[PDB]
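# Residue-level structural notes
If you want the building blocks of each chain, they are given just below.
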Amino acid sequence: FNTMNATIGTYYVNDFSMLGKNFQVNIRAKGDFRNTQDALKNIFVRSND
Amino acid sequence: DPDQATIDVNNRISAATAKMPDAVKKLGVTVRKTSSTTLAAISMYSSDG
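Residues numbered from 1 in each chain as written, not as in the entry; some residues may be left out. Chains lettered and ligands numbered in written order. Part of a larger assembly, values for the part shown. Heavy atoms only, no water.

### Observations regarding the overall build of chain A
To keep things clear, this is the line we draw: Each helix is a run of DSSP H or I of at least 4 residues and each strand a run of E of at least 2, with the numbering of both proceeding from the N terminus. Note on contacts: a residue pair is in contact if any heavy atoms of the two residues lie within 4.5 Å. Residue burial considers only the protein chains on display, and all accessible areas are found by Shrake-Rupley using a 1.4 Å probe. Positive charge is attributed to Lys and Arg, negative charge to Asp and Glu, and no charge count is given to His or to the chain ends. Think of each charge as sitting on NZ of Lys, CZ of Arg, CG of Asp or CD of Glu.
A count of helices and strands for chain A gives two helices and two strands. Ordering the α and β elements of chain A from the N terminus gives α-β-β-α. Each of the three principal axes of chain A carries a C-alpha extent, and together these read 45 × 30 × 10 Å. The long-range fraction of contacts in chain A, counting pairs at least 24 apart against all pairs at least 6 apart in sequence, stands at 8%. A total of about 4800 Å² of accessible surface is found on chain A, and carbon and sulfur atoms cover 53% of it. Across chain A, the 6 positively charged side chains and the 4 negatively charged ones have centroids separated by 6 Å.

Right, here's the structure in full:
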């Protein structure tokens, strides 16, 4: 689910302070896939080994 | 009114705890009603040593 939210949704990580403000850190994906079934053959996740 | 002004500041701290760094959130921003001056100053010491 952490890999899922960080590729198709938006993963709020932490925050940093630039120019006197406070920006969150969002992790999206650039994305240019045909369909969703094709997009599932491109999202990997390693095992415990 | 000290209280009307106090619970008007509160309705702006919780309103703006979103544009807030995460590290300051955990220890909690504290709002209280107290004078900016000092009323008195007590001193305690050992009369012998």
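Past the structure itself, the notes keep going.
### Focus: the pattern of salt bridges
Residue and element names in this part refer to chain B. The criterion, for reference: Counted as salt bridges are all cases of a side-chain nitrogen of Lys or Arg within 4 Å of a carboxyl oxygen of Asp or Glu. Partly exposed residues are those whose accessible area sits between 20% and 50% of the maximum for their type, while under 20% is buried and over 50% is exposed, using a 1.4 Å probe and protein chains only.
Summed over the entire model, instances satisfying the criterion amount to two salt bridges over all chains. As a salt-bridge pair, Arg12 and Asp8 come within 3.7 Å of each other at their nearest N and O atoms. Pair noted here: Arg12 and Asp8 are both in helix 1 (residues 2–13), with a separation of four residues, about one helical turn. Exposure remark for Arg12: the relative accessible area of 56% places this residue in the exposed category.

### A closer look at the environment of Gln24 of chain A
All names here are of chain A. As for its position among the elements, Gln24 is in strand 2 (residues 23–27). Accessibility expressed as a relative area gives 49% for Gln24, which makes it partly exposed. Taking C-alpha positions, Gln24 is 11 Å from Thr10, a pair spaced 14 residues apart along the chain.

### Side note on unusual backbone geometry
Residues and elements named next belong to chain A. Backbone geometry places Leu19, a non-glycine residue, at a positive phi of 55°. Along the polypeptide, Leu19 turns up in the loop between strand 1 (11–16) and strand 2. You can call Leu19 exposed: its relative accessible area is 83%.

### Considerations on the environment of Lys30 of chain A
Structurally, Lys30 of chain A can be placed in the loop between strand 2 and helix 2 (36–40). Measuring from C-alpha to C-alpha, the distance between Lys30 of chain A and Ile8 of chain A comes to 9.4 Å, with 22 residues separating the pair along the chain.

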